[PDB]
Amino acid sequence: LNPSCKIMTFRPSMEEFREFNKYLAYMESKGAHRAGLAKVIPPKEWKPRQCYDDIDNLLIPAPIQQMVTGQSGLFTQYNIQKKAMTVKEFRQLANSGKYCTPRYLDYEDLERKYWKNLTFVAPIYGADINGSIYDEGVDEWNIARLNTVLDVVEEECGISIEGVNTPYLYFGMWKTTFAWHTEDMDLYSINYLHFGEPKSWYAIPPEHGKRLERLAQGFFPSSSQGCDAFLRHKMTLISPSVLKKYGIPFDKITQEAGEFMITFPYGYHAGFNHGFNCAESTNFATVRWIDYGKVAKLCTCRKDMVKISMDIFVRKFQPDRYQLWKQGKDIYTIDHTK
């Protein structure tokens, strides 16, 4: 139990680290999941890639100019697609006077500059690129193959996981933003920062998630009017100032190069990149997630949003409740602490 619900940081030895699934279980046994987010710093000797030089040549097919509109800690974000770009070209763009990180004293100061400068120059994010940049043969915490319940269902049972378990690359520059969200189907996610400047995160404990949603609904009654789960559009920014004022409990932490972040089922998070960087992420599941999956509020307003059938997971891992669940009689409220 982690009763404060504060974001925990783990520093495993190489032996404790080798097995991702085992380590995640250890993390949750210390109450890591109550914060909605955790940091894992792997041992210094562990390198998922020996040389990042070739990545400069990688193509970013569809870079995204992030346009923010709003005022005083409350913003909506929309994307404008830009020309394809190599990573080398993107790096040079990010480091130019227009797009580079401002001078700052410390992270708190930099955070302050972010919220103050959001509606000026629009940053460009190289987001959602299919792929992994781990060397072949790296078997520890390989984002491309984590072997979680998600992978078992896909391979043993022939069920479509939706490419929820496929790796994505994200090249950030200063001010590039990720709006408040939980993962598709309220899954876990894992995020590794390969190289470059940090990434700052805000997190809300799963046990206070509904309070963020309520606050969001108040500030964007428009958005809310058109969609039960509008936060899933990933367009809504709410500053910590606004959160503090309305008493939404949250925590913050900065991920540095070589660090893993793990977000947990129904753990709301958001944040921004400090400058040029490269992160790799995917979604994954555990048995504990199943109850979240069966109860997840989905996007009602679009066509192609991600929706995974929960039938196989309930049938295979919750056989005691399967029939009751299919009858609509599996009624419960989730203990985000267990």
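So that there is no doubt, residue numbering starts at 1 and follows the sequence shown.
Comparing average C-alpha B factors as deposited, tell me which of 257-265 and 100-108 sits higher.
Between 100-108 and 257-265, it is 100-108 that shows the higher mean C-alpha B-factor.
Averaging C-alpha B-factors over each stretch, which comes out higher, 322-330 or 5-13?
On average, C-alpha B-factors are higher across 322-330.
Could you tell me which one of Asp53, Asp291, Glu280, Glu28 shows the highest CA temperature factor in the PDB record?
Going by the entry's C-alpha B-factors, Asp53 comes out highest.
Between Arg232, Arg145, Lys199, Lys113, which one tops the list for Cα B-factor in this entry?
By C-alpha B-factor in the record, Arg145 ranks first.
Considering every modelled residue of the chain and its Cα B-factor in the PDB entry, is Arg302 in the lowest, middle or highest third?
For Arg302, whose C-alpha B-factor we compare with every modelled residue in the chain, the answer is the highest third.
Considering every modelled residue of the chain and its Cα B-factor in the PDB entry, is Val68 in the lowest, middle or highest third?
Middle third by C-alpha B-factor.
Grab the CA temperature factor for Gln225 from the record and place it in the lowest, middle or highest third of its chain.
Its C-alpha B-factor belongs to the highest third of this chain's values.
Going by the CA temperature factor in the PDB record, which third of the chain does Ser132 belong to: lowest, middle or highest?
Middle third of the chain for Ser132's C-alpha B-factor.
Relative to the other modelled residues of the same chain, rank the CA B-factor of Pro61 and answer lowest, middle or highest third.
Highest third - that is where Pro61 ends up once the chain's C-alpha B-factors are sorted.
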